[PDB]
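Protein chains in written order, with the numbering used here: chain A, 3 to 220; chain B, -19 to -10; chain C, 456 to 669.
Where a beta carbon is used, it is the ideal one built from N, C-alpha and C, also for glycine.
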Amino acid sequence: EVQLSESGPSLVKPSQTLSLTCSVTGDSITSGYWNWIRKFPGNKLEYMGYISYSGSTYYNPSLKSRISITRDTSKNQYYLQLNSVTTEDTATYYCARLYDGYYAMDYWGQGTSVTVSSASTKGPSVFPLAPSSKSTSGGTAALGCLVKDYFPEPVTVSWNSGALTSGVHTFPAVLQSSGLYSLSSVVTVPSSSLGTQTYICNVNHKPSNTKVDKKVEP
Amino acid sequence: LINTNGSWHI
Amino acid sequence: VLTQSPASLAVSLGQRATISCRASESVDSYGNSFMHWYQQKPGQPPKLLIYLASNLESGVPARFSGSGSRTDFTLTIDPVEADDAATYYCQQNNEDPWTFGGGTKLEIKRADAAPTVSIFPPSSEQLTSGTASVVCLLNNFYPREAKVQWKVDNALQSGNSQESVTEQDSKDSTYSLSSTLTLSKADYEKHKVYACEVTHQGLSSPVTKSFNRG
């Protein structure tokens, strides 16, 4: 199981330096090529560069002025540094392995969101969207959680700690005019079980070190 | 095949 | 530069899908084509489908297929399944610079489904904050186009609602949409009727869901 895990700050002030770390477990960076890739919010992908098995590097030309990739084979990590960031550099960043036989990028990490802004962090307020006669149709009732006024992105939501996944919809975030983000996560359940079963949404906003468990009742 | 500056050579 | 065509595309279950990747310059050298295909769904890293123009990654079903010349490549899914709803990217690493294609979003075309509409008044906890969010859920509809209209005491609302749409579900190919009407706490308790009017091809007539304050 070759596996890659990114890490680094969620929020960076403009003109400072972005420092991400890819920790590799399941094979050695002694061999193969080790890349950095970012995905802008418009959903375009852009290759950034790599460090190779021998320590050489190759960088996108639109970045040469300010990108640096290095590695530490004893920790089995490698590192991105991007100087003098602007809001244009807000993206999801991925690290990925490329190998000799295939010449393609075959193992990715999950990705880490990074925002460049002078604004400061803010944790979300989590309110229940409670089931009623106005949310119930057939044998089914809708309920959920509203996740309001957080910054920066992202937030993640589970229900009953991952033990309830069918019928779950967590919507993409919308940017309010207050400059803060907001989303909403709903699930449909059998209306009969509203009396007996407990429904808790788990809201995660790592940038502010927030976790809320909210119990949603009728 | 090794890669130098984004190009593959032998 | 790599140009994909089309930018969006729709296909019924069981048909053939063909995504095109156009290259500004030959990406062949040393007998291989340095052209690869990636699938990506929201919340997930890109996933390798096809490497070296035509080779299937292991783990990938044989339903996926790749085929290409020096500057013209194509990705083919036959037969397409519900799980195939995603965005597909082509990438080139023959020579400087290594670049990705603009992306192609594949939609699964299915029968019309009517939405199930729900309405949620603001909670007691949020009303203590001084803000009231009224949310309208459209669950499990198709196609994706839809219109949500907010009424407060049978009056049209404008500029105080936002919506967001899920991407097409990987099991039943439906969508879901939330609309959120935001008023101050002072304004929220000044009116009695709050209504959500949904217009959609799957409904014979517009459907209105509403509640009274209290």
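Below-8 Å beta-carbon distance, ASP551 (chain C) vs any chain B residue: Yes - at least one Cβ of chain B is within 8 Å of the one on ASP551 (chain C).
Distance between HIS(-11) (chain B) and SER631 (chain C) (C-alpha atoms, nearest Å): 50 Å
N- and C-terminal bounds of the alpha helix (DSSP H) containing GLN581 (chain C): Residues 579 to 584.
Three-state class that DSSP yields for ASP551 (chain C) in the structure shown: Secondary structure of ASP551 (chain C) (DSSP, three-state): coil.
Chain B within 8 Å of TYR80 (chain A), Cβ atoms only: no
8 Å Cβ cutoff, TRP38 (chain A) in contact with chain C: no
Test: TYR201 (chain A) CB closer than 8 Å to a CB of chain B: no
Three or more C-beta pairs below 8 Å linking the region 649 to 656 of chain C and the region 604 to 623 of chain C: Yes, the region 649 to 656 of chain C touches the region 604 to 623 of chain C.
Three-way DSSP call (helix, strand, coil) for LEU185 (chain A) in this model: strand
Near the ligand ZN: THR531 (chain C) beta-carbon under 7 Å from a heavy atom: In the structure on display, the ligand ZN does not appear, and there are no ligands present to speak of.
Exposure of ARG471 (chain C), with buried meaning 16 or more beta-carbon neighbours within 10 Å: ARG471 (chain C) sits exposed, since fewer than 16 C-beta atoms from the chains shown fall within 10 Å of its C-beta.
Continuous beta strand (DSSP E) assignments of at least 3 residues falling wholly in the region 13 to 75 of chain A: 20 to 27, 35 to 41, 47 to 53, 59 to 61 and 69 to 74
Unbroken alpha helix (DSSP H) run spanning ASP627 (chain C), endpoints: From DSSP, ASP627 (chain C) is part of no alpha helix (DSSP H); its letter is neither H nor E.
Proximity to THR92 (chain A) [Cα-Cα], best of A:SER115, A:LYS66 and A:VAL4: A:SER115
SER193 (chain A) in three-state terms, based on DSSP: helix
Own chain partners of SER12 (chain A) with C-beta closer than 7 Å, once the 5 adjacent residues on each side are dropped: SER115, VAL116, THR117, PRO154, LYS208 and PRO209.
Which listed residue (C:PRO577, C:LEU582 and C:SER584) has its alpha carbon closest to that of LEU131 (chain A): Checked all of C:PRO577, C:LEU582 and C:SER584; the closest Cα to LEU131 (chain A) is C:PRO577.
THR89 (chain A), DSSP secondary structure in three states: helix
Member of C:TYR649, C:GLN623, C:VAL572 and C:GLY669 whose CA lies at the smallest distance from the CA of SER633 (chain C): C:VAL572
Three-state secondary structure assigned by DSSP to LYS136 (chain A): helix
Buried or exposed by the 16-neighbour rule on C-beta atoms within 10 Å, applied to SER520 (chain C): buried
Environment of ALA566 (chain C) [buried if 16+ CB atoms lie within 10 Å]: exposed
Bridge-paired residues (DSSP) for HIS491 (chain C): C:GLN546
Short CB-CB distance (under 8 Å) between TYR60 (chain A) and chain B: yes
Test: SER616 (chain C) CB closer than 8 Å to a CB of chain A: no
Buried or exposed (CB count within 10 angstroms, at least 16 for buried), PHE596 (chain C): buried
Cβ of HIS491 (chain C) within 8 Å of any chain A Cβ: yes
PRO133 (chain A) versus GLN199 (chain A): straight-line alpha-carbon distance, rounded: 13 Å
Outcome for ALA121 (chain A) when other beta-carbon atoms lying within 10 angstroms are tallied against a minimum of 16: exposed
Chain B within 8 Å of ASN510 (chain C), Cβ atoms only: no
Span separating the alpha-carbon of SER139 (chain A) from that of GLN494 (chain C): 36 Å
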